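Results of the structural survey
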Amino acid sequence: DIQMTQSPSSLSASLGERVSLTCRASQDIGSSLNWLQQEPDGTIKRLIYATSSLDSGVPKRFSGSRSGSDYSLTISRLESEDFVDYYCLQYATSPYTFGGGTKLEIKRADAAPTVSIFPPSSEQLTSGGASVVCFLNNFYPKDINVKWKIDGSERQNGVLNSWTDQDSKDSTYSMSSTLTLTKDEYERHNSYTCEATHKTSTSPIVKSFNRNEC
Amino acid sequence: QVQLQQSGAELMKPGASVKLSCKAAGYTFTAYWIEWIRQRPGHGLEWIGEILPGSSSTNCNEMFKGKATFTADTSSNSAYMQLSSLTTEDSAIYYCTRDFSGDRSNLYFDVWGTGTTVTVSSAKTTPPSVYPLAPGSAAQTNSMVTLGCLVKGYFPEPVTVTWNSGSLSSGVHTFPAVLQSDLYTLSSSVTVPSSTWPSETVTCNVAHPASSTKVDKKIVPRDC
């Protein structure tokens, strides 16, 4: 089947800048390439058809072109609503195929995470379980590492992470990390630490508590 | 008014078959292929297959052989995709779109349905346990204090989380849910000025309509 190699897979840019995305077809597709945009709520909308034509009611900042096996979507000047996902679609020969997508994110000033750690609740302890929760809030850029420490040692099992999308008001990312243990395994130990590594500081941000401290 | 109207969200047991529908209005139904597209959570779009109603003509991506059957009903303007032998990895949004049987560039994949979510799981409906997240008595920084609640072990999605009935929403992060066993867990955090707390209450409001669960959890200072 025809392969569409879409690049870049991710890109950061600021308001007002120009960006272009590229789909490399593995075999000739002619002018038979669409560009699509997908909103965070899931709405897909066609932007460009037949390589270069603009859909009705699509703003003029979008345009499409080809050069050899390379097809491009160009956004002359970024507006804030443009920072979503984009896919190309070849409809030359079935099976139809999409490039792998590009997520566009807004550039902003680097920010360090605000880190908070939480002990299990007493209601939870009376169930049989103990979740330790760490929030790493409002950081930029999005690349972040969390590590859990127990009595000084690194812990990897039982750790579930969740990430928010880029926030539309301040353009930062937030992350929760949850370490889940049985009541007994939790009470076999003393200090609990979550450690965040991020570009904004050379050394990790570290939050701990001690459960024998009350 | 060209529209493609998709059937509603579906929850199905592993191994069952689901049939999705795409209902067309505003155009000659026989003149356009109906196209079916899959998107797995956080992944890209993939092409599944197509049918030209009412003809014997269907086509599909080979990955979906033995998995996807397409049919169509010209009388009700409806096209159907049946997915058989469901597994976890079938959980995705399914979109339909259309493709003109002819020679006009602007009528290829021009209008899109808004999608049908399919969830495949063995899990039974389960209310969430809701737990308060009070600081373990730290420095409480100097300026802001962060609290949360942990909403654990529920099925199916979704839950609603609010802080003080929706009044306090400014310092809020409700994180997407993740699967712990076959059950869902999420947390929410709120950041408020330390003047505000423990001075007075902070409460998280959790709703899980599918289990008819409504709960309030006040965040109570540890003091040990």
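Residues numbered from 1 in each chain as written, not as in the entry; some residues may be left out. Chains lettered and ligands numbered in written order. Heavy atoms only, no water.

- In terms of determination method and resolution, the entry is listed under X-ray crystallography at 2.17 Å.

**So, the sheet that holds strand β19 (residues 213–218) of chain B**
Residue and element names in this part refer to chain B.
- Strand order in the open sheet made by the 3 strands is β14-β18-β19, with antiparallel pairing throughout. At either margin of the open sheet sits one strand with a lone partner, and together these are β14 (160–163) and β19. Taken over all neighbouring pairs, the strand axes of this sheet differ in orientation by 15 degrees on average, direction set aside.
- Of the strand pairs in this sheet, strand β18 (residues 203–208) and β19 are connected by 6 bridges, and their pairing is antiparallel. Bridge pairing links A207 to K214 in β19. (Pairing = 2+ DSSP bridges. Helix = DSSP H or I, 4+ residues; strand = E, 2+ residues; numbered from the N terminus. Axes fitted to C-alpha atoms, helices over the stretch in contact; angles between N-to-C directions.)

**Points about the sheet that holds strand β15 (residues 153–155) of chain A**
Residue and element names in this part refer to chain A.
- Across the sheet, which stays open at both edges, the 4 strands sit in the order β15-β14-β18-β19 with antiparallel pairing between neighbours. Of all the strands in the sheet, the pair left with one neighbour each is β15 and β19 (205–210). Taken pair by pair, the neighbouring strands of this sheet meet at an average axis angle of 30 degrees, ignoring direction.
- Pairing analysis gives 6 bridges linking strand β18 (residues 191–197) to β19, with the strands arranged antiparallel. If you follow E195 over to β19, its bridge partner there is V206.

**Describing the domain arrangement of chain B**
Residue and element names in this part refer to chain B.
- If you check the domain split of chain B, you get domain 1 (1–122) and domain 2 (123–221).
- Each of domain 1 and domain 2 was reduced to a C-alpha centroid, and the two centroids are 37 Å apart.
- On the domain 2 side, the residues contacting the 4 residues of domain 1 number 5 residues.
- Roughly 330 Å² of surface becomes buried between domain 1 and domain 2 when both sides are summed, with 51% attributable to carbon and sulfur atoms.
- Of all residues in domain 1, the largest losses of buried area upon contact with domain 2 belong to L11, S121 and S122, amounting jointly to 80% of the total for that side.
- The tally of links from domain 1 across to domain 2 stands at 0 salt bridges.
- Seen at the junction of domain 1 and domain 2, the total is 1 residue pair in polar contact.
- Split by residue class, the side of domain 1 that touches domain 2 holds 1 nonpolar, 3 polar and no charged. (Domains from an automatic or database assignment. Contact = heavy atoms within 4.5 Å. Buried area = accessible area lost by both parts, 1.4 Å probe. Salt bridge = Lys/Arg side-chain N within 4 Å of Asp/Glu carboxyl O. Polar contact = N/O pair within 3.5 Å; in protein donor to acceptor, adjacent residues only side chain to side chain. Nonpolar A, V, L, I, M, F, W, Y, C, P; charged D, E, K, R; others polar.)

**Side note on the pairing of strand β13 (residues 144–154) of chain B**
Residues and elements named next belong to chain B.
- Counted residue by residue, β13 has 10 buried out of 11 residues, so it is predominantly covered.
- Bridging between strand β12 (residues 129–133) and β13 involves 5 bridges; their strand directions are antiparallel. From the neighbouring strand, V130 faces β13, where its bridge partner is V151.
- With 10 bridges joining them, β13 and strand β17 (residues 184–193) adopt antiparallel strand pairing. Looking across to β17, one finds that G148 is bridged to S189. (Buried < 20%, exposed > 50% of the residue type's maximum accessible area, 1.4 Å probe, protein only.)

**Focus on unusual backbone geometry**
- Cis geometry is adopted by the peptide bond preceding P95 of chain A, which originates at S94 of chain A and carries an omega value of 0 degrees.
- Tracing the sequence through the fold places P95 of chain A in the loop between β9 (85–90) and β10 (97–98).
- Here the amide bond leading from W197 of chain B into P198 of chain B is cis, since omega sits at 0 degrees, within 30 degrees of zero.
- Among the structural elements, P198 of chain B can be located in the loop between β17 and β18.
- Despite not being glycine, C214 of chain A has its phi angle at roughly 70 degrees, a positive value.

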